[PDB]
6 protein chains.
Amino acid sequence: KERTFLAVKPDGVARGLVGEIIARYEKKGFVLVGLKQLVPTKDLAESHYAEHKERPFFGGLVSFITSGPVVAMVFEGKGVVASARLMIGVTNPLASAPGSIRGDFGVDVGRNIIXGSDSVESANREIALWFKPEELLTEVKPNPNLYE
Amino acid sequence: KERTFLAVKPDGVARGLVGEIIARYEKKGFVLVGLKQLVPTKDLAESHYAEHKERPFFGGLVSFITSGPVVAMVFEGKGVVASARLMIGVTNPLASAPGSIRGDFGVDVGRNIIXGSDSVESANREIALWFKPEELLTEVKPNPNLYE
Amino acid sequence: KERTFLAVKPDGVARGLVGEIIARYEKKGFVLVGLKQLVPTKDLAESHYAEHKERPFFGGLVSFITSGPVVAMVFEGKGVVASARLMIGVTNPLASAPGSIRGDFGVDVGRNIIXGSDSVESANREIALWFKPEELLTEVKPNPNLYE
Amino acid sequence: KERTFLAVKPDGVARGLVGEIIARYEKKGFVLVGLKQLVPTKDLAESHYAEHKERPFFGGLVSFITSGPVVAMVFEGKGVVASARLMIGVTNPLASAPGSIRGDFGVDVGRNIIXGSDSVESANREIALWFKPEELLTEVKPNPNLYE
Amino acid sequence: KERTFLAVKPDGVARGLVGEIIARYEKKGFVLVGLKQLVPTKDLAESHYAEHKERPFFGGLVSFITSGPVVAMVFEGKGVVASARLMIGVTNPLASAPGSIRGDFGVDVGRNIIXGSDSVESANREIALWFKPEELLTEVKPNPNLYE
Amino acid sequence: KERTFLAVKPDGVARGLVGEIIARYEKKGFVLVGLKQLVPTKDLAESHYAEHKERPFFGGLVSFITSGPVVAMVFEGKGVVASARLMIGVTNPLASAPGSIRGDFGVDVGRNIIXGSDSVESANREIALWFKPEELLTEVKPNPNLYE
Ligand SMILES: [Se]
Ligand SMILES: [Se]
Ligand SMILES: [Se]
Ligand SMILES: [Se]
Ligand SMILES: [Se]
Ligand SMILES: [Se]
Ligand SMILES: [Se]
Ligand SMILES: [Se]
Ligand SMILES: [Se]
Ligand SMILES: [Se]
Ligand SMILES: [Se]
Ligand SMILES: [Se]
């Protein structure tokens, strides 16, 4: 099925939010097919935020995501891309709804904990960039109580 | 006060979601006046989904709800019918909001965990169908800290 | 496999602890094979607490368990009888350990929330007493990730 | 930064909801700068609900908030006033969304658990009314992982 | 009934553990009769840790408890003094059992989150020291579902 | 500081327990310095369970740990090796105490969810075996509210 890329950013890792976030997605029925902790490299970051390189606040994003460990993961299931964003909330955590990750835990735009792919095309780009193919599960077996 | 009928369907029971769901309603202040586990009978199912019998996907619904145990319950309180639906979410779990039962736990329309009565008239029909009157509490005593 | 009888007593039901308790057992991997809410009858109570009828405080026990709704259930799995007691705690809730049901929620011996069968022989007696055989599941299917 | 006044009303205190509510705000990243339990005085109540004194249901509000203990607190952070209201929900708990405090726990307008300041001007009035300045923290140190 | 004094120390407050801890005691059925946040004064601290003044590490304790906000509370119920200690754990958090507060959250002896009175005589001394009598509830009404 | 190796075995991953387990260790104050999901290779497994190769049930262990994904992690803090085992419980999940991971979630010896290093010497062997040195954090920054 479909796949999305998720990164819990350095402020999320530092605040001890990793297991909480993973648990939310496992409980929803999405299946974990990639997971690692790493300190992102400058040129991985610059590729990651590539669509923003002609703007002034490009360097801020890059600087921040390389300042500490990130946990990177990909999950698989039906409509996982749009669903995962709904679960995260909206860009401003102050305006995100109670029950969403940023709604529950976040307070500042620059420290908004986690992000996910914004479309299926982005996700395929992002997944291939952060993860070598031997790091990803080929055979997925989900609960038969989940799909009809 | 008002009453609604709720059924946690076989996929919810199989996935170990029963106590979680009951706990959500107890925490809200609704009072439990009926509860049993049972494997629904063909002709109970056909009555339950009666308003759909002239459609092609009637047999699917019936087939599924009889394939395993269901836990059936009725709860009592002010506006319990509309409230319980709000707590469950909307038909597609992918589109249900974080914080709602289907929003948190569900992924497929056919495996959407639980359902409740969609009106007060439905509820009275459904309650009398699943539950003999001696199975239901007559005298309800709720928290005085709940109503004014 | 093995089976135990559990009753959440009227103080547990009144305090909204039902779903919490059920959820603890589901999370452990035990499977729910019986469940109902009922107001126990005098002569069911007198049979239930039969081994105590020659003591003075017999009537207290009986009086109390009939004063409100009880939720009765049976669960099935390996060593479920001894395990369930370990999860409940010890007779005095004040002395029960944090993490146990009475340790977390209880404060008085007479209001100790829940109880379970104290042996396999008790359990078979108790189960047959509270539950007609058509109320109990015959075919149990647990997670294959639980047993080897 | 900004500050709001919150009061968990006597129905919230009686129902054992205090720590749950505080925990929600701590998890969001707001910082606790005031906290006490007290039984409000008639003339403190009449000042508190001052903007309603020319209406008939003034006396109800006053009567109720003085009938038991209240826990009063102030929290500090970016957009804390509007954010806290979003977390509480809307006036009718039945219509508040799952994930919000009233959405999860409340059922009646008159027993709606908690309230917060509805603007920054209200908050400054309310804070100075319930709290002497030596009861409030002067120096606040929040997580650097929260703000940019 | 009986009463104990509890203080969540500055490391507990800073780590956002306040509501979690309060919630544990509310869930057990103990009743909150005192609560405030304050920055302890040197001479309050020196009285508090009075039985240790002839030892070398007296000044450390005093220095630390005055370095930030503390939330002080007293709870009331049957055997609340011994019970509360059991819930906290033992002096070394590393050796405290899962389910206990220090067992779940703590790692260092000097940063062990919370403490409670070690006897009824200590509690009466400590309560009168931290709390003026008008700050304490006179009339306590607990759940009738708790005591027999 | 000290480090231990932890593996959540294929039954834990399949049952959706990963985020729950990680969250327990983050809440305790231990810091995550390694994390990946992988399907273990035969000869990695045979090295991992090396001290058991002369026994008959060697092949079972190997067969099982290679049958699905494992999430491997290392955590760092004071007494992390002995502490982590205390948190997991004892070999038989039925006999593990409520509050421990196996006590809460497990039922069978062969399906006991997770394991950790049994000494500091084992941990150094195990860590170097599962993790290349560039996969591990060099610079650790924990909460200053944790250590004295
Ligand atoms: Se992002
Ligand atoms: Se992202
Ligand atoms: Se449904
Ligand atoms: Se339903
Ligand atoms: Se009992
Ligand atoms: Se029992
Ligand atoms: Se309010
Ligand atoms: Se308020
Ligand atoms: Se202490
Ligand atoms: Se203390
Ligand atoms: Se193990
Ligand atoms: Se292990």
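This text follows the structure it describes.
Residues numbered from 1 in each chain as written, not as in the entry; some residues may be left out. Chains lettered and ligands numbered in written order. Heavy atoms only, no water. Residues with missing side-chain atoms left out of burial classes, pairs and counts.

Engineer: Explain the arrangement of the chains here, please?
Structural biologist: One finds no contact between chain B and chain E; the C-alpha atoms of the two approach each other to within 10 Å at their closest. There is a gap between chain B and chain F: no contact, and a shortest C-alpha distance of 10 Å. (Contact = heavy atoms within 4.5 Å.)

Engineer: Is there a simple way to explain the packing of aromatic side chains in this structure?
Structural biologist: Centre distance and the angle of the planes are the two values used to describe a pair of aromatic rings. Evaluated as defined, the whole model comprises twelve aromatic pairs over all chains. Taking the centre distance of 5.3 Å and the plane angle of 40° together, the rings of D:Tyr25 and D:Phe75 count as tilted. Of this pair, D:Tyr25 sits in helix 2 (residues 18-28) while D:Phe75 sits in strand 3 (residues 70-76), placing them 50 residues apart in sequence. Taken individually, D:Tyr25 and D:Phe75 each receive the classification buried, so the pair is uniform in this respect. Summarising the aromatic geometry, the rings of F:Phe5 and F:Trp130 are spaced 5.2 Å apart at their centres and angled 35° between planes, so their arrangement reads as tilted. In this pair, F:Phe5 sits in strand 1 (residues 3-8) while F:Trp130 sits in helix 7 (residues 120-130), placing the two residues 125 residues apart along the sequence. Each member of the pair, F:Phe5 as well as F:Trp130, carries the same accessibility label: buried. Here the basic side chain of C:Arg111 rests over the ring of C:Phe64, its NZ or CZ set 3.8 Å away from the ring centre. (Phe/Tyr/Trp six-rings, centres within 6.5 Å; stacked < 30°, edge-to-face > 60°. Helix = DSSP H or I, 4+ residues; strand = E, 2+ residues; numbered from the N terminus. Buried < 20%, exposed > 50% of the residue type's maximum accessible area, 1.4 Å probe, protein only. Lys NZ or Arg CZ within 6 Å of the ring centre and 35° of its normal.)

Engineer: Can you walk me through the interface of chain A and chain D in this structure?
Structural biologist: Interfaces are often described in size by the accessible area the parts lose on coming together. Taken together, the 18 residues of chain A in the interface contact 17 residues of chain D. When chain A packs against chain D, the two sides together hide about 1,500 Å² of surface, and 53% of this comes from carbon and sulfur. Of all residues in chain A, A:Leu94, A:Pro98 and A:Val107 bury the most surface against chain D, accounting for 39% of the area lost on that side. The interface formed by chain A and chain D includes one salt bridge. Between A:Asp108 and D:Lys78 there is a salt bridge whose closest N-O contact spans 2.7 Å. The interface formed by chain A and chain D holds seven residue pairs in polar contact in total. For the side of chain A that touches chain D, the elements supplying multiple residues, two or more each, are helix 1 (10-14) and helix 6 (101-105) of chain A. Among the elements that line the side of chain A that touches chain D, the one with the most residues is helix 6 of chain A, at four residues. (Buried area = accessible area lost by both parts, 1.4 Å probe. Salt bridge = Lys/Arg side-chain N within 4 Å of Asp/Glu carboxyl O. Polar contact = N/O pair within 3.5 Å; in protein donor to acceptor, adjacent residues only side chain to side chain.)

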